Every structure is written in C-alpha cells, then in structure tokens.
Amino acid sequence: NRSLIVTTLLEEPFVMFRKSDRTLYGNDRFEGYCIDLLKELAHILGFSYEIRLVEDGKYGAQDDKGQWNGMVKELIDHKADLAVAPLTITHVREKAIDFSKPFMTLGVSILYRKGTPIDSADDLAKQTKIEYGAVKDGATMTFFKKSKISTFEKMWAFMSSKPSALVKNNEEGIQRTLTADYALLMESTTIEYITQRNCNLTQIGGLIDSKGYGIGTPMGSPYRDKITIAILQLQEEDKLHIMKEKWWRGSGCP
C-alpha cells in the first residue's frame, strides 16, 4: 500500500548524510546503522517509505505541563508512521507512544577526558570542579531528573541549577569534554563509538542502568507487531550484532 513516513534525526553512526559529489535527494541522502536496519525491515515486511528529518531536530521531551515535542510529538500527531533513530525506550515516553522490542541495548555511563582518575559517578557527584552534564530534554536527563538514588539525586541538583552544564546535543557535548574540564553523561553505545575514535577520551566506570533503542510508532500502530517480529528474527541469526560491528568498528587506540 502507501509509503510510510519515517521520521528521524542526524546522529553518527545511526543516520548520516552519505558522501557524494552529486546533490542527493529523497531516501538516497541517508546511510547508517538505522538505514541498514530500515532497509532490512522494509524488504522483510514489504513496505516502502519516505524519510523525513524532524523539523525541530529533537528526540522528544515533555516540555510544558503536558505537551511533547520532537519525534515523539510527530508520532503522537500521526505525522510520521515510524521513528527510526536511536530513540531510547522509556516508561515515560510509553505514556505517549509505542515502541517495537529493542534492536539495541545500552546504558548510561560517563564520557570523560583521560586525566584526573575518577572511576565512578560518585566521584563526580561529590565535587563541582569538574563540570558535568547531559543533553537537554533527552532520555538521560530525564533519567536523572526522576531518580531516587541519592548519588544521582545530587547530580540532578547540580545539573539543573547550572543550565550552562547541559548541552544542546552530542557534538556540543563531546567537544566540551575535549576542550574543557567536563564530563558528559551519555549512552554507552555512543561512548563506545566515540572512545574508539578519540583516544584521549574514555568511559568512566561502567553502566548506570539498562535500556534499549526501539522503533517508535503512534499508539496502536498496525506495523508495531510486524516490526517487532522482524527485529526478533534478525536477532536470532545475530544479524543485528553484525550490523553494529559494521558501523562501529574503529581503527583502534594505543
């Protein structure tokens, strides 16, 4: 039947503008892990799509008392059929949209420059000399905002009090860790990609929690179950592990 509308956002190495001399248009403009996954799902399920970058360039957060923005809002409003992106599956977003079963699992951890030998978030929580933060209005910020763990409660207090500590996006966050005394609270799979390519960066400690990335849909979407079955089939054959290795494999560090 009709082409589905796919909403997404630029983010390495999930979704990128591929390199070309020509001016690209339509779906051809895109490559990455999420594009490979989307192609595999479209082939398996027999659907076509038109990819659209979400206008406001956000994932989705509950800004107002109630109202959503970003890809989540796009899904709430049925402006897109699918959100294909590293969209973190959270019980709070589940109050507004549905997800497929997760195609990738991960957790929050810390990105930091190699130097002052901290080894945990606790080390970060009990000082202020090293500024730390998260991407504003993202899953990670939301995790801290609503935590009951005292260590993270203290971190939220600092992060929220000083707005100059939250960043607009990953590129701004990574650049800050590279040019200032700044630790970034970031999802582990991105950290893994980054530390492989930036040998002076490292992950501090291990994973704080567990979560996954899933394909977002409007609640009660007829494609949600089909997409889930297909994702689970790919997983049984270790295809998603292979796909990740394809986009993640770096050149390696000293």
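All residue numbers are counted from 1 along the displayed sequence. What we label the rigid core is the largest C-alpha set whose atoms superpose within 1.5 Å from one form to the other.
Undergrad: Using the rigid core for superposition, please say which stretch has the greater CA deviation in 7 other deposited structures of this protein, 77-85 or 158-166.
TA: Comparing 158-166 with 77-85, the one that moves more in 7 other deposited structures of this protein is 158-166.
Undergrad: Between 56-64 and 206-214, which one strays more from this form in 7 other deposited structures of this protein if you match the rigid core and compare Cα atoms?
TA: Stretch with the larger root mean square C-alpha distance in 7 other deposited structures of this protein: 56-64.
Undergrad: Please compare 148-156 with 82-90 and say which has the higher mean C-alpha temperature factor in the record.
TA: Taking the mean B-factor of the alpha carbons in each, 148-156 is higher.
Undergrad: For the stretches 221-229 and 43-51, which has the higher mean C-alpha B-factor as given in the deposited record?
TA: So the stretch with the higher mean C-alpha B-factor is 221-229.
Undergrad: By the CA temperature factor listed in this entry, which of these ranks top: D28, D36, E187, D209?
TA: When the deposited C-alpha B-factors of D28, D36, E187, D209 are compared, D209 is largest.
Undergrad: Which has the highest CA B-factor per the PDB entry: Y59, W68, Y193, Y213?
TA: The C-alpha B-factor peaks, among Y59, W68, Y193, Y213, at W68.
Undergrad: Check where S3 lands among this chain's C-alpha B-factors and tell me if it's the lowest, middle or highest third.
TA: Middle third, going by the recorded CA B-factors of the chain.
Undergrad: Relative to the other modelled residues in the chain, which third contains the C-alpha temperature factor of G107: lowest, middle or highest?
TA: Middle third of the chain for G107's C-alpha B-factor.
Undergrad: For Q175, return the chain-relative third of its C-alpha B-factor as stated in the PDB record: lowest, middle or highest.
TA: Middle third.
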